[PDB]
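Residue-level listing of the chains:
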Amino acid sequence: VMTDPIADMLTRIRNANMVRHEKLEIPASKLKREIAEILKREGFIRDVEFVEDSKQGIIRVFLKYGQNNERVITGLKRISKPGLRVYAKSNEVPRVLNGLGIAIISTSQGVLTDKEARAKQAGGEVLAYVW
Amino acid sequence: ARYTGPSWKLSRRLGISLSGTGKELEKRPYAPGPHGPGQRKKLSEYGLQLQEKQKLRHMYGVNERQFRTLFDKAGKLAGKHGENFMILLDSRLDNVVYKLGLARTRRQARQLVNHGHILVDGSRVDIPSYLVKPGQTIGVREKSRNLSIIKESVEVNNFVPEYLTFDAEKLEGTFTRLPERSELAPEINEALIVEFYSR
Amino acid sequence: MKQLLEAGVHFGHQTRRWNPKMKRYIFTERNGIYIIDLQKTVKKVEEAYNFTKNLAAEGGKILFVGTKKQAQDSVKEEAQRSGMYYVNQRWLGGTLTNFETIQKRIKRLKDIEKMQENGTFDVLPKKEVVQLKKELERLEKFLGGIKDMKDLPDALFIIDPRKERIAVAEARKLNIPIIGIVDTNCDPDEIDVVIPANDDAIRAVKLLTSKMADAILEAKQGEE
Amino acid sequence: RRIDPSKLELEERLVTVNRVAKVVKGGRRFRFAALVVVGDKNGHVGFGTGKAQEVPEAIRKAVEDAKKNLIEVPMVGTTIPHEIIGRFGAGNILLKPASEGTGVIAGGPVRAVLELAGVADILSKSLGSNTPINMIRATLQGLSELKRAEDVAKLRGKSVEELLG
RNA sequence: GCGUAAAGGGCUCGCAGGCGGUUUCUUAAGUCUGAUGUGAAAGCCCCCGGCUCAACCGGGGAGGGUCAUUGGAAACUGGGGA
């Protein structure tokens, strides 16, 4: 198995994103790490505390969505398909949602956000898209 | 060649009595036609489409070709859609002519504008759809200015536009800017021109 | 302010069949049921005391809703000596949801009641007072308690999370507030003020309808 | 929630008054059925109706349906917050956010619903079913799912007006 | 899109092909960005001017490439080593 890691994490935050669970697991990797700092710093989940140990893993985030159904993780989509890769230039870095959501394009200086990557003005692999 | 209609029943079933501003068929407020005295009903989205396009287009009277080219040509400008179409489709040389207190009829001021008479900008303007931008001296063509129509329209009063500026003695004119786009407040609702001509 | 030692006679309900929703407050399972969580019942009882009192002092009627056998003494005595006009019989279909035709049933109860001293007997033959007295005899015994709600029921103290399910849907119809003691094998998110405790013990019914009815009763006459 | 009371001027456009007949012993008992949606002209635009014996009867049960429900539709000045492809019931709707003078370009049930529910420029071209009830259903779910930017900053705690453009 | 509407190969083993666990050093082959060349004119779009205006003409721009040559970033796919 293991078709794509970022799709496993996105399916984790999605399926737990509708389950109404307090904490959520993940496979601990550099994409779950840097995507945990980006997606946690933008204010969707409460806190990622990467409780590492032998042999590999393992991240553990909490859903920062209150009483109101559908919190800061309101819907996620694989904008980049590992298998048929997305791409985005500088002027073509698309900001997902329009005014609500935010996309995460893996820039050439770190896994940026949408508006910050447009602040650098350089695109890359479209890493994921959180509508 | 637009100058063909009756000019009573076209406003009478066109939707609103203009212009005007009393020639709306006040003797019979219904629509014209043989089956017209009875109860009228509302249309579909093509009902407000044809009432918006035929209503807003009947205020000037142009053909559907030139009015359509003013539809897309108006949409080529800046600003909003119906505002740009509204300032475009009323800022013509004949609407600027009969809007400056030139003639007491839209067709009469039209033929007074393309009869060779109302020459503007210092020269002649012999095409009734050959307009003038904000700042052209929309003149009176003083080689035949001693006329009955021009003197009688200069005697008849009317609310001159603040986008324009008249001259009853000096034989001149002007348009200060674009007209009051939302300010020109007839019944012609530009949304029906944004729908019944957009597909 | 629930009697904490007195609450130790009304904690317990069905077990081995409890849903995941109304089992988050479960303390533990020791061989017969899940032991319901005590301190959650206490703090929730305080939420019913303050919110039921202060919201009950706005002036609206409280619907003492009750279904089960031996659940009519706590609601008929509790509300009938409390200040609400509830229904502890078999539930009427669409109680708040009808809101007019239940009113016309109030009209039949009105002419049936006021026709008792209205010379209803001694006009027609014995079949008139016999069949009609059977009519109020089989009408007042089903739908008399709604006479304490001439406006809409502003709140629904429902005492049965399973038997009163059509009531929970009826108050789900409007935006009305429906707080109630829902058992361990119930659905949590349907009610707005959970009383997470059992209802099997009749003393639990007297503590629930006594805390509720006494809450609205003592909170309401304190204007003077 | 919350159920908005009938406390404004309703528009009461009729979507379509379809025929209906229950094939019973004796022909077909024909009864009119009309799902006509009432609109508040500011955002309360709700669309459900019923059946009755006459055409005015279907108007009456339809108006009772409009007094049943209402929606919010938060949209800042001739748009929606996020132009989401909103369709539920096997009938899609593709309503994007449009500019100021770009008009309400929608279809039958979309042009009725958004046309009587306060729209200024929202481009809409459907992709899916074409029943009337399916159109008001998926359009009502899509209008009842589109998010507002101030509340979207006020419930996901990042910052209000921190996502601008 | 594929249980019943058209659509799961009867089922398996396998070469080619397509895709792939976590950490770390290098690389630029992809990925992205800067500089030059070149993508002729006329045409599409933007900005003006000339035929009474318009169609039209003219001027001033723009945009168009897995494009070459060349400078960077190494996050991600890949090459290589642990």
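Residues numbered from 1 in each chain as written, not as in the entry; some residues may be left out. Chains lettered and ligands numbered in written order. Part of a larger assembly, values for the part shown. Heavy atoms only, no water. Residues with missing side-chain atoms left out of burial classes, pairs and counts.

Per the PDB record, the structure was determined using cryo-EM to 3.8 Å resolution.

Can you help me understand the overall build of chain C in this one?
Counting secondary structure elements, chain C contains eight helices and six strands. In chain C, the order of α-helices and β-strands from amino to carboxyl end is β-β-α-β-α-α-α-α-α-β-α-β-β-α. With the C-alpha coordinates of chain C rotated into their principal frame, the extents come out at 65 × 45 × 30 Å. Within chain C, contacts between residues at least 6 apart in sequence are counted, and of these 41% link residues at least 24 apart. (Helix = DSSP H or I, 4+ residues; strand = E, 2+ residues; numbered from the N terminus. Contact = heavy atoms within 4.5 Å.)

Any chance you could explain the overall build of chain A here in plain terms?
The helix and strand tally for chain A stands at three helices and five strands. Listing each helix as α and each strand as β along chain A from the N terminus yields α-β-α-β-β-β-α-β. Over its C-alpha atoms chain A spans a radius of gyration of 14 Å, differing by no more than 12% from the 14 Å that the globule rule assigns to 131 residues. Once the C-alpha set of chain A is aligned to its principal axes, its extents read approximately 40 × 35 × 25 Å. (Rg over C-alpha atoms; globule rule 2.2 N^0.38 Å.)

How do you make sense of the sheet that holds strand β4 (residues 110–111) of chain A when you look at a structure like this?
Within a sheet, each strand pairs with its neighbour through backbone hydrogen bonds, oriented either parallel or antiparallel. Residue and element names in this part refer to chain A. One open sheet accounts for three strands, arranged β4-β3-β5; its pairing is antiparallel. In this open sheet, the two strands that pair with only one neighbour each are β4 and β5 (125–130). As defined by bridge partners, strand β3 (residues 102–107) adjoins β5 across five bridges and the pair is classed as antiparallel. Each bridged residue has a counterpart across the sheet, and for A103 the counterpart in β5 is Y129. (Pairing = 2+ DSSP bridges.)

How should I be thinking about the arrangement of the chains in this particular structure?
Considering every one of the two pairs of chains in contact, the largest contact total is recorded for chains A and D. You won't find any contact between chain A and chain C; their C-alpha atoms come no closer than 11 Å.

What am I meant to see in the sheet that holds strand β4 (residues 32–34) of chain D here?
Residue and element names in this part refer to chain D. Pairing is antiparallel in the open sheet, where three strands are placed in the order β1-β4-β7. Each end of this open sheet is capped by a strand with a single partner; those strands are β1 (17–18) and β7 (51–52). Both β4 and β7 contribute to a ladder of two bridges, which runs antiparallel. Across the sheet, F32 pairs through a bridge with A52, a residue of β7.

What exactly am I supposed to notice about the pairing of β3(A) here?
Looking along a regular strand, one sees side chains alternate from face to face of the sheet. All names here are of chain A. Here β3 pairs with β4 via two bridges, running antiparallel. Paired with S106 across the strands is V111, a residue of β4. With antiparallel pairing between neighbouring strands as the criterion, β3 and β4 make up a hairpin whose turn holds two residues.

Explain unusual backbone geometry here, please?
Negative phi is the rule for most residues except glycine; trans is the rule for most peptide bonds. Each neighbour pair has its own omega, and for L18(B) with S19(B) the value is -5 degrees, a cis peptide bond. With respect to the element layout, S19(B) can be found in the loop between α1 (9–14) and α2 (45–58). Following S19(B), the chain continues into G20(B) via a peptide bond in cis, with omega recorded as 5 degrees. By the secondary structure assignment, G20(B) is in the loop between α1 and α2. Positive phi, normally seen in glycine, also occurs at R20(A), with a value near 75 degrees. Note on placement: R20(A) falls in the loop between α1 (5–19) and β1 (23–25). A positive phi angle is found at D122(C), which is not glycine, with a value near 70 degrees. Following the sequence through the fold, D122(C) ends up in the loop between α4 (101–114) and α5 (126–137).

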